[PDB]
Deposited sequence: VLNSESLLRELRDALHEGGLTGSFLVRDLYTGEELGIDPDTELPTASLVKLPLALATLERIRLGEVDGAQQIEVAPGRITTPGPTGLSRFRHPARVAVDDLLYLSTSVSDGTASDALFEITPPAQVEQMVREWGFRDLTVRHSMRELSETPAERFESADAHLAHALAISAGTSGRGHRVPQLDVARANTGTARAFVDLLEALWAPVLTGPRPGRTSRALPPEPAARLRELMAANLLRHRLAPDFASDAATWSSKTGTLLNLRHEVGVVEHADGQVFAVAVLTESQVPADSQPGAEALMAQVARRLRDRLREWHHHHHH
């Protein structure tokens, strides 16, 4: 059995080997114990931004500022290239309620749905609410279709951490902890919006990244993926049948050009799983 210093070295070696850099953090939501690799490195968040958008929207609903039943006439994305989902691929206008736009945006990763929600609650207003709740290191700057590893001043706007929506693994772990706190027993988001976001994350349809390594008959996995250019992320919470609960955040960028990298997915998933397993084995 490896010691934890040796394990982290093995994991970093494995990531380097597979052409991946990024930000990993796993935390036992009960004890606060955690294990990570570069957990405070800021990367563009791609579709992970849909999480704080959902929470802001849900809070505005609780507040009576937004009506979840409000029917919105949404123009089709008409996108025919690979990747975007839901209304983004529609050919014709659709009419969808705000509550159901939240489902499409958060669970189906539908950027056209997300953009409809951003019209209601703009990026700067989402960010303000996130900051007011005390969340640091999550930026919300632009909607889904506004806009050499990522970096400050990047030529590619979506890879420029000064312009793009960004975050760190730690920022997402802190968010997930706050979302799950109302159901964590034993010795501060409003509980109704938190419960609704947990439900949306459980209903996530994109289960091809970390979910094969985290979901089982004895574990539930609720998560949000993000994929754009050479970015592949996923943040989520695994709930074990024995009651253990871990938040997991993976943000990666690949030095391999190919969009389709199932081996990279398997690798980042194995890394996250080994981090969780070490904490789970930890006395």
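Absent C-alpha positions map to the deposited sequence ranges 148 to 170, 211 to 217, 314 to 318, in order along the chain.
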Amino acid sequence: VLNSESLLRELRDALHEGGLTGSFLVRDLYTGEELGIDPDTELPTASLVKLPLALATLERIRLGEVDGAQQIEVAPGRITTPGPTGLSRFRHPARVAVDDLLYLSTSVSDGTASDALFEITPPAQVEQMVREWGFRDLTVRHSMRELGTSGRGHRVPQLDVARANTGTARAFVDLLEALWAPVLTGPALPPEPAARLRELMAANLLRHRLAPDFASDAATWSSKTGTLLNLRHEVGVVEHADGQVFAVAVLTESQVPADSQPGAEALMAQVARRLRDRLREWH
From here on, numbers count along this sequence of modelled residues.
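The stretch 136 to 144 shows the higher mean C-alpha B-factor when 136 to 144 is compared against 94 to 102 in the entry. Taking the mean C-alpha B-factor of each stretch as recorded, 153 to 161 and 197 to 205 are not equal, and the higher mean is that of 153 to 161.
Within the selection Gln125, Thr81, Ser107, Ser114, the deposited Cα B-factor values reach their highest point at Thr81. Among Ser47, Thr57, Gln70, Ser222, the highest C-alpha B-factor recorded in the PDB entry belongs to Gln70. The deposited CA B-factor of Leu176 belongs to the lowest third of values across its chain. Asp217: CA B factor in the highest third of modelled residues in this chain (values from the PDB entry). Ranked within its chain, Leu87 lands in the lowest third, by CA B factor from the PDB record. Ranked within its chain, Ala188 lands in the highest third, by CA B factor from the PDB record.
In the deposited entry, the Cα temperature factor of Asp28 sits in the middle third of values across the chain's modelled residues.
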